[PDB]
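[1] Build me a model from this:
(one chain, ligands or ions: 5)
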Amino acid sequence: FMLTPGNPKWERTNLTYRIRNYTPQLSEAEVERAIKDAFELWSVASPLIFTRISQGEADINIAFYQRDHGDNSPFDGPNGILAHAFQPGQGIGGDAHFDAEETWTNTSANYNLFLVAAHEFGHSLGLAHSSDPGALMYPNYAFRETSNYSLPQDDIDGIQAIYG
Ligand SMILES: CC(C)C[C@@H](C(=O)N[C@H]1CCCCCCCCCCNC1=O)[C@H](O)C(=O)NO
Ligand SMILES: [Ca+2]
Ligand SMILES: [Ca+2]
Ligand SMILES: [Zn+2]
Ligand SMILES: [Zn+2]
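    Residues are numbered from 1 along each chain as shown. Ligands and ions are numbered 1, 2, ... in the order given. There you are, the coordinates:
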């Protein structure tokens with residue numbers, strides 16, 4: 001596992017998140033469920049607790065954007081890069097952005113939103129990419145059975161390293 005350079009981290013263990021917009025590919029409930037499950041993966045392996053808020057400023061903003069959206073990391077249309085997130089900090093810090101031009105799913109078809117969101121939240125918490133191909137923080141998307149999916153050991157060692 002690899003920690004984000006400078007070892008950024010949240011000082012508080014109770015964090016909020018807000019879904020600013022949705023993709024037309026899934027129902028709002030389906031998007032909400034995928035995001036919640038993604039956060040819960042991290043909760044089982046750390047002392048962090050995440051709460052959804054419907055108005056106000058959340059620690060982690062979740063949004064669907066396309067091409068150039070003003071943050072210096074433009075998306076690239078279908079395929080290529082799927083999403084990106086920012087290290088712990090105020091404002092844009094901790095936020096997660098998903099490429100609106102992808103076909104998002106909750107199945108084995110590309111690109112399962114749950115698995116992508118799970119990976120992004122690792123960044124939101126201070127983790128960098130892993131060189132273990134079996135790790136969630138590995139830099140390439142790969143479908144894994146989602147029903148009883150839990151965090152691989154490398155990812156556990158990583159968040160424990162920061163918050164344990
Ligand atoms: C791990 C994934 C959920 C996010 C990263 C990502 O989008 N990786 C892509 C790398 C491959 C690009 C080369 C094209 C190959 C076609 C595959 C399409 C799916 N894309 C990827 O797997 C993202 O870079 C990231 O690390 N964000 O935190
Ligand atoms: Ca893309
Ligand atoms: Ca933020
Ligand atoms: Zn962005
Ligand atoms: Zn990544």
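[2] downstream neighbour of the biggest helix by length in the chain in the secondary structure list?
    The helix that spans the most residues within the chain, counting by DSSP state H, is helix 28-44. Sequence order places strand 49-52 as the next helix or strand after helix 28-44, per DSSP states H and E.
[3] List the contacts of residue 93.
    8, 86-87 (C-beta atoms under 8 Å, 6 or more residues apart in numbering). For the C-beta atoms, the positions are set from N, CA and C on the backbone; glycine is no exception.
[4] quick one: which of the residues you listed is most hemmed in?
    Counting neighbours by other C-beta atoms under 10 Å, the top entry in the contacts of residue 93 is residue 86, with 21 neighbours.
[5] Tell me how far it lies from residue 13.
    The spacing between residue 86 and residue 13, counted by C-beta to C-beta, to the nearest Å, is 19 Å.
[6] cool, and residue 39?
    13 Å.
[7] more crowded one of those two?
    Set side by side, residue 39 and residue 13 show more neighbours around residue 39, with 20 against 11, by other C-beta under 10 Å.
[8] Skipping its backbone neighbours, what lies nearest that one in space?
    residue 50 (4.2 Å; C-beta to C-beta, 6 or more residues apart in numbering).
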